[PDB]
Amino acid sequence: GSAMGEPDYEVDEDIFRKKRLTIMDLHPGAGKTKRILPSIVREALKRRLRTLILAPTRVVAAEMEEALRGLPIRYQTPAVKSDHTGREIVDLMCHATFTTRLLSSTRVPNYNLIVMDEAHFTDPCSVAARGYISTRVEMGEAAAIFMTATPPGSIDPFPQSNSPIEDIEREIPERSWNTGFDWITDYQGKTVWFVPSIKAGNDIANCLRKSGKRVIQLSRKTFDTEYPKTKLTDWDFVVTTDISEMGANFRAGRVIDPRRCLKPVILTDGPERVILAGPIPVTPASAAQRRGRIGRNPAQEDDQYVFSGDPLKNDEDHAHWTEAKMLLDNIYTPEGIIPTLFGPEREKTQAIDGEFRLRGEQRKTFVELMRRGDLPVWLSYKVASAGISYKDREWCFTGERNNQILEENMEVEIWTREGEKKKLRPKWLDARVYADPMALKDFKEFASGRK
RNA sequence: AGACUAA
Ligand SMILES: Nc1ncnc2c1ncn2[C@@H]1O[C@H](COP(=O)(O)OP(=O)(O)O)[C@@H](O)[C@H]1O
Ligand code: VO4
Ligand SMILES: [Mn+2]
């Protein structure tokens, strides 16, 4: 037993059994990361199990570190700076870090136990990592624990919370506003506002600042500096991307959730390409997770969740399902077996097994294009599978006329490393490298030979 | 778009 806050002294023997995969689907705020996880880690340490803990984002990693503080854990994330003795048997890293490791030259430790927090995360690297882990368990090589308040098949956006939540539907602004949304700024407590993009976040945060509001912006780009400010400091608004969707303990009073996102989609209407579709409704799991950032405190009884619109359950056209298979078809167990996807996530797209398997140098290029090139999975796969090497940028210029990239209505031109001026006209189109202007600048650098 | 940055 335990009291609130402290880890249970009793841990089920059942969960460490090779061949066992445990899904702990407790409601948000139940204590999965900060009470249950420490109990498992302590017990795995006593059993001398080679253990891996996986967080979706640096936010969840930072929450884990607070709960696991004092235990011999090797943190493999820039969210946590720590003395690594080298003799730790517990590793902690992000989901995508682990998939990256699985795809790279270096060998992953043969973990006896794997704990994945937020095991519903639909990031393609996360789905791929789940495929590998469930294959290790089936092979009797590991035991695994998948922790998630919203496991695959979840459709309720309003699950159980520690404290009552007032759910309110109102219109929520997507951009700056000058009038009409007084309810946003008249509110007394602390607000977490989810935004579909960093750009949209900048706009909104700007707008609240000129209303005398103390605003912390949170994203991949501002995490290191801004996250501790949400902990140790007092603030009015956190304007945040999905970096904060899971795990975060903001101690806030209100969530604002427009329930919108931009989604990458692979088109098959003609030549295959990726577009950024939307804004479209988030999935019920995301709406549930975002709402779950409040009503976490039993002593604080009038938390608010202000939302707009219904969520959308169907995400079969999202690129991540295909991209997860592209990654997984190129990961191998030490026995030589290619993993299959985690059970519940099979047949999300109708993809022939092993149809994304790349040969030799092609697999190395694929990885290079993602890790060094910063290119999406799909584009990286298209380039790699065509037999192009990482440094060969000719594909960026040899597409059909319809592939010409435009910026401010002008045909984008590239000056190459050799001083050639070429029109940017890639053989494969992925809107993720050209839609946002900063993404396009990066892709111009890539096409130039400067990455 | 968002997330990841390890060995
Ligand atoms: N640093 C902290 N100080 C005080 N209370 C906290 C802190 N972090 C989390 N809590 C509380 O402890 C409970 C468990 O949190 P957590 O383990 O993150 O839940 P879960 O991961 O299952 O959503 C939550 O209700 C939260 O309000
Ligand atoms: O189950 V949670 O750590 O996303 O509140
Ligand atoms: Mn958690």
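Order of the sequence lines fixes the chain letters, A, B, ..., with proteins taken first and strands second; residue numbering starts at 1 for each chain.
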>> By nearest atom, which of the nucleotides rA3(B), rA6(B), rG2(B) is closest to the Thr106(A) side chain?
In response: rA6(B)
> NA contact type, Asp242(A), heavy-atom cut-off 4.0 Å: base, sugar-phosphate, or nothing?
Replying inline: sugar-phosphate
>> Classify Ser219(A) by what it touches in the nucleic acid, base, sugar-phosphate, or nothing, heavy-atom distance under 4.0 Å.
In response: sugar-phosphate
>> Rounding to an integer number of Å, can you tell me how far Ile198(A) CD1 sits from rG2(B) P?
In response: 5 Å
> What's the CG-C1' distance between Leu218(A) and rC4(B), to the nearest Å?
Replying inline: 15 Å
> With a non-hydrogen cut-off below 4.0 angstrom, is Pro279(A) in contact with a base, only sugar-phosphate, or nothing?
Replying inline: nothing
> How are the rings of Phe181(A) and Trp177(A) set relative to one another: parallel (under 30°), tilted (30 to 60°) or perpendicular (over 60°)?
Replying inline: perpendicular
> Rounding to a whole Å, what distance do you find between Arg371(A):CZ and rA7(B):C1'?
Replying inline: 13 Å
> Just how far, in rounded Å, is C1' of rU5(B) from CZ of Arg58(A)?
Replying inline: 9 Å
> Between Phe237(A) and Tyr187(A), is a ring-ring contact (aromatic ring centres under 6.0 Å, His included) present by the stated rule, with each step listed?
Replying inline: CA-CA 11 Å; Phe237(A) 277 80; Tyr187(A) 181 70; 8.1 Å; no
> Rounded to whole angstrom units, what separation is found between the CG atom of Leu262(A) and the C1' atom of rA1(B)?
Replying inline: 5 Å
> Counting side-chain heavy atoms from CB outward, which of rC4(B), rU5(B), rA1(B) is closest to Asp436(A)?
Replying inline: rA1(B)
>> With a 4.0 Å limit, can you tell me whether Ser126(A) has a side-chain N or O closer than that to the phosphate oxygens OP1/OP2 of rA3(B)?
In response: no
> Can you tell me if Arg101(A) uses its side chain to pair, donor with acceptor, with the backbone of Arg107(A) under 3.5 Å?
Replying inline: yes
> Any side-chain N or O of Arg220(A) less than 4.0 Å from the OP1 or OP2 oxygen of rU5(B)?
Replying inline: no
>> Taking the minimum atom-to-atom distance to the side chain of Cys94(A), which one of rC4(B), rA6(B), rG2(B) wins?
In response: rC4(B)
> If you measure only the distance, is there a donor-acceptor pair under 3.5 Å linking the side chains of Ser308(A) and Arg259(A)?
Replying inline: no
>> Given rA3(B), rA6(B), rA1(B), identify the nucleotide with an atom nearest to the side chain of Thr241(A).
In response: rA3(B)
>> By the 4.0 Å heavy-atom rule, please label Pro196(A) as base, sugar-phosphate, or nothing.
In response: sugar-phosphate
>> On RNA chain B, does the nearest nucleotide to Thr57(A) precede the nearest nucleotide to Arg107(A) from the 5' side, or the other way round? Give the residue.
In response: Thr57(A)
>> Does the plane of the ring in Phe446(A) sit parallel, tilted or perpendicular to the ring in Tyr390(A)? Use 30° and 60° as the thresholds.
In response: perpendicular
> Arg74(A) near the nucleic acid: base, sugar-phosphate alone, or nothing, with a heavy-atom cut-off under 4.0 Å?
Replying inline: sugar-phosphate
>> Expressed as a whole number of angstroms, how long is the span from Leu54(A):CG to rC4(B):P?
In response: 14 Å
> Over how many whole Å does the gap from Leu92(A) atom CG to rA7(B) atom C1' extend?
Replying inline: 16 Å
>> If I take atom OH in residue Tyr434(A) and atom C1' in nucleotide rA1(B), what distance separates them, rounded to the nearest angstrom?
In response: 13 Å
